[PDB]
Amino acid sequence: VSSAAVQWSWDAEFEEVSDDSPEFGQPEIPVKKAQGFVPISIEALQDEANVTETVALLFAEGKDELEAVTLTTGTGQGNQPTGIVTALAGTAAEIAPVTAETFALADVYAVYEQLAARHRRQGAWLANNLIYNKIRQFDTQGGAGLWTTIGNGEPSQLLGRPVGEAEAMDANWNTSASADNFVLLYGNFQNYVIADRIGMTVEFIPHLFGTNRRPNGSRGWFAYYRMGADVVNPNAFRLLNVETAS
Amino acid sequence: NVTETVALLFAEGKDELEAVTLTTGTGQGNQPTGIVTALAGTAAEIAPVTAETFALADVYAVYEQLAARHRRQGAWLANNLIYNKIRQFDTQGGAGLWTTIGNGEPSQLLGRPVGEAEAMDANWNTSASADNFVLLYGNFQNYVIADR
Amino acid sequence: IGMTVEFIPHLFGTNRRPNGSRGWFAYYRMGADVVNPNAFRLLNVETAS
Amino acid sequence: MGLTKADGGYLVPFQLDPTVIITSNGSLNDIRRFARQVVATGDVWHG
Amino acid sequence: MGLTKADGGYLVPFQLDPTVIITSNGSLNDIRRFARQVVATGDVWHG
């Protein structure tokens, strides 16, 4: 359940008040399901040695990749959950750069400042590594924009706020052919909810079948996963979009 | 739990209205008078060094033009965007180095306490108003809040 | 045999690949008839059309 | 027999979090920290 | 601000009785009480 605040006003004497009943809303999160499958022949299972463990490792790698990419950008439509960037796109959370097709120092300050001060205090950064390196390259004379020095790791704090890393966001606004590139994101992350239902489970199918419903000499491996996520308040973020002359 | 919820909503609404009214109250009709409209068009208004440009010299001027009896006891007031534009003045690491990127907001500016006001004007470029009152400094003992 | 219920752990689809489904199978065997039809006197009320 | 409402879907519980989520920006002013507060009796205050 | 969902109606909990209500007539017969019951060990019972 979400809602808003009562709307007061300055009224003169002997004045009838206004109806100030706030409105209510109900954010809801559907729970989706992921799947995978690896069929195997009998001879392969008997001859090739130590295959079950390798298949388990491959299943884990695939699950982690899918889960990370979907959390970053999930279309929300169809069978997919909603990623943060997809949810924020088009909404008033979007910002335009000061100069078109350019990433300058002032853009960081803009993304940090246009956000409401109630949320600014407990927000966090999230972007790709390319963008962080672009930020680190800003300073030349050792002035205010001196985040850290070459010969050192990646800093743990920006503007006194935590920093995060995500590969699956856009990196280059010129190489790609997409018109818009969401490169930087800052906001209060308590407004992104993840619903966890059950972890990865692997089941062993002893016998598969053919067209005529008689065995064809193969076995399987079934794995599935359930999860769901969305955004309850999209005004708590200030995603930045460098839209290019597409 | 309707009662507690609506009491919370009342508290939030009152707090939000009071802040903006004290920041920029029109002072006519049914509204109290905000500091910005009180100090508008009077002797307190200063024009920048050059048109449509805000540099370190303007901050020094706004601090220095005051009488000494008022300078030695006073505080600042501005929107967060203005403090950030101050922070972007230094490029060569000289005397404009308020603080380095990666740290939080400072607490003093020229030895004086500094405060934040959200409802005050923010950007003079994207906004369509002819005038933009952006920075304030003075002895706030001369602003009176009379509560009944 | 009496009522027996079996649990099928996996069902398959069109391409002979799982669709994530499970089932319950139940079957029951019985047969019946009369031996000597001279021990009964069933009554029917004949209605003309 | 799946998750559709008619085909056994009425059996799932309904889960709701009672806490409300305030979606109002609000405002933060520190004028009251630096200003002067004087209690008034009546309609106007003169000096 | 009443019982419509958009006007605070989303705030009321959800009541449900988990038990199912069987809407089938069924049928009552007493043959098994009177009939002679023999266990069959195969396919056909001969007498």
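Residues numbered from 1 in each chain as written, not as in the entry; some residues may be left out. Chains lettered and ligands numbered in written order. Part of a larger assembly, values for the part shown. Heavy atoms only, no water.

In the PDB archive, cryo-EM is given as the structure determination method for this entry, at a resolution of 3.52 Å.

Chemist: What is the right way to read the overall build of chain B from this model?
Modeler: Per the secondary structure count, chain B includes 5 helices and 5 strands. Ordered by position from the N terminus, the helices and strands of chain B form the series α-α-α-α-β-α-β-β-β-β. If one aligns the C-alpha atoms of chain B with their principal axes, the spans along those axes are about 60 × 40 × 35 Å. Counting across all 148 residues of chain B, residues that qualify as buried make up 34%. Considering only residue pairs separated by 6 or more positions, chain B has 61% of its internal contacts joining residues 24 or more positions apart. (Helix = DSSP H or I, 4+ residues; strand = E, 2+ residues; numbered from the N terminus. Buried < 20%, exposed > 50% of the residue type's maximum accessible area, 1.4 Å probe, protein only. Contact = heavy atoms within 4.5 Å.)

Chemist: How should the overall build of chain A be read in this particular structure?
Modeler: What chain A contains, in helices and strands, is 6 helices and 10 strands. Rg of the C-alpha trace for chain A: 25 Å, well past the compact-globule value of 18 Å for 246 residues, more than 25% over. C-alpha extents for chain A along the principal axes are approximately 85 × 60 × 35 Å. Every one of the 246 residues in chain A was classed for burial, and the buried ones make up 39%. In chain A, 73% of the contacts between residues at least 6 apart in sequence involve partners at least 24 apart. Total accessible area on chain A is roughly 13700 Å²; 50% of this is exposed by carbon and sulfur atoms. (Rg over C-alpha atoms; globule rule 2.2 N^0.38 Å. Areas by Shrake-Rupley, 256 points an atom, 1.4 Å probe, with all protein chains shown as cover.)

Chemist: I'm lost on the interface of chain B and chain A in this one. Help?
Modeler: A common way to report how large an interface is uses the accessible area buried once the components associate. Listed by partner, the interface residues are 28 residues for chain B and 29 residues for chain A. At the boundary of chain B with chain A, total buried surface from both sides reaches about 2500 Å², with 62% on carbon and sulfur atoms. Summed over the three residues of chain B that lose the most area to chain A, namely B:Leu9, B:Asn30 and B:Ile101, the buried surface amounts to 26% of that side. Summed over the shared surface of chain B and chain A, the result is 2 salt bridges. B:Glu12 is paired through a salt bridge with A:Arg118; the nearest N and O atoms lie 3.0 Å apart. (Buried area = accessible area lost by both parts, 1.4 Å probe. Salt bridge = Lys/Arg side-chain N within 4 Å of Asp/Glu carboxyl O.)

Chemist: Looking at this model, I keep getting lost on the nonpolar core. Mind explaining?
Modeler: With 40 residues, the main nonpolar core has A:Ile84, A:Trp125, A:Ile131 and A:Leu184 as its most contacted residues. Here the element with the most residues in this core is strand β7 (residues 182–187) of chain A; it accounts for 5 residues. (Core = buried A, V, L, I, M, F, W, Y, C linked by side-chain atoms within 4.5 Å.)

Chemist: Looking at this model, I keep getting lost on the side chain of A:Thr244. Mind explaining?
Modeler: Examined against the element boundaries, A:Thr244 turns out to sit in the segment after β10 (240–241). Owing to a relative accessible area of 15%, A:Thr244 belongs among the buried residues under this scheme.

Chemist: What is the right way to read unusual backbone geometry from this model?
Modeler: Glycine aside, a negative phi is what most residues show, and trans is what most peptide bonds show. Residue and element names in this part refer to chain A. One non-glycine residue, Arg-213, adopts positive backbone phi at about 65°. On the secondary structure map, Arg-213 appears in the loop between β8 (192–205) and β9 (218–231). Assessed through its relative accessible area of 63%, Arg-213 is described here as exposed.

Chemist: Just to check I follow, could you spell out the pattern of salt bridges for this structure?
Modeler: A side chain with one charge can pair with a side chain of the opposite charge if their charged atoms come near. According to the stated counting rule, one finds 8 salt bridges over all chains in the structure shown. Between A:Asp64 and A:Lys63 there is a salt bridge; the shortest N-O distance is 3.9 Å. By relative accessible area, A:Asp64 is classed as partly exposed at 47%. In this structure, the salt-bridge partner of B:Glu105 is B:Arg87, at a minimum N-O distance of 3.2 Å. Taken together, the positions of B:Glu105 in the loop between α5 (80–87) and β2 (108–109) and B:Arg87 in helix α5 put the pair 18 residues apart, joining distant regions of the chain. In this structure B:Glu105 comes out as partly exposed when scored by relative accessible area, which is 33%.

Chemist: What's the story with the sheet that holds β7(A) in this structure? I'm lost.
Modeler: Working definition: the strands of a sheet are paired by backbone hydrogen bonds and lie parallel or antiparallel to each other. Residues and elements named next belong to chain A. Sheet architecture is open: 3 strands sit in the order β4-β7-β10, paired in antiparallel fashion. Both edges of this open sheet fall to β4 (124–127) and β10, since each of them pairs with a single strand only. As defined by bridge partners, β7 adjoins β10 across 2 bridges and the pair is classed as antiparallel. Each bridged residue has a counterpart across the sheet, and for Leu-184 the counterpart in β10 is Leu-240. (Pairing = 2+ DSSP bridges.)

Chemist: So what exactly am I meant to see when it comes to empty space enclosed by the protein here?
Modeler: It is a probe the size of a water molecule, rolled over the atoms, that shows where empty space is left. Residues and elements named next belong to chain A. Enumeration over the complete set of coordinates arrives at 2 cavities of 30 Å³ or more. Size it by volume and the largest cavity reaches roughly 50 Å³. Lining the largest cavity, in full, are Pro-97, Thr-102, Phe-103, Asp-107, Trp-173, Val-183, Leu-240 and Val-242. When the residues that make up the lining of the largest cavity are grouped by side-chain class, the tally is 6 nonpolar, 1 polar and 1 charged. Lining the second largest cavity, in full, are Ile-95, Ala-96, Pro-97, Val-98, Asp-107, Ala-110, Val-111 and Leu-240. When residues of the lining of the second largest cavity are assigned to their parent elements, the largest contribution, 3 residues, is made by helix α4 (residues 105–113). Its residues assigned to classes, the lining of the second largest cavity comprises 7 nonpolar, no polar and 1 charged. (1 Å grid on protein atoms, 1.4 Å probe; cavity = no way out; pocket = protein on both sides within 12 Å on 5 of 7 lines; lining within 4 Å. Points joined across faces, edges and corners; volume = space filled by probe spheres on them. Nonpolar A, V, L, I, M, F, W, Y, C, P; charged D, E, K, R; others polar.)

Chemist: What am I meant to see in a nonpolar patch on the surface here?
Modeler: Residues and elements named next belong to chain C. On the surface, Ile-1, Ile-8, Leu-11, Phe-25 and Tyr-27 cluster together into a nonpolar patch covering about 450 Å² of accessible area. Inspection of the secondary structure assignment puts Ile-8 in strand β1 (residues 4–8). We classify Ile-8 as partly exposed; its relative accessible area is 32%. (Patch = residues over 30% accessible without salt bridge, like charges linked within 9 Å, V, L, I, M, F, W, Y side chains within 5 Å.)

Chemist: I'm lost on the interface of chain A and chain D in this one. Help?
Modeler: The interface is formed by 12 residues belonging to chain A together with 10 residues belonging to chain D. For the chain A and chain D pair, buried surface summed over both sides reaches about 1000 Å², with 53% attributable to carbon and sulfur atoms. Per-residue buried area on chain A facing chain D is highest for A:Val1, A:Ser3 and A:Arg118; these three make up 40% of the total on that side. At the junction of chain A with chain D, the criterion picks out 5 residue pairs in polar contact. In the side of chain A that touches chain D, the residues fall into 5 nonpolar, 6 polar and 1 charged. Inspection of the sheet shows strand β1 (residues 2–3) of chain A paired to strand β1 (residues 21–22) of chain D by 2 bridges, in the parallel sense. Each bridged residue has a counterpart across the sheet, and for A:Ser2 the counterpart in β1(D) is D:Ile21. (Polar contact = N/O pair within 3.5 Å; in protein donor to acceptor, adjacent residues only side chain to side chain.)

Chemist: I keep staring at the sheet that holds β2(B) and nothing clicks. Help me out?
Modeler: Residues and elements named next belong to chain B. Read from one edge of the open sheet, 4 strands run β2-β3-β1-β4, paired in mixed fashion. Edge positions in the sheet fall to β2 and β4 (135–138), since each has one partner strand and no second. Direction of pairing for strand β1 (residues 75–78) relative to strand β3 (residues 112–116): parallel, over a ladder of 3 bridges. Within β3, the position partnered with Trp-76 by the bridge is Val-114. Against the sheet, helix α3 (residues 56–64) touches β1 and β4, its axis set at about 30° to β4. (Axes fitted to C-alpha atoms, helices over the stretch in contact; angles between N-to-C directions.)

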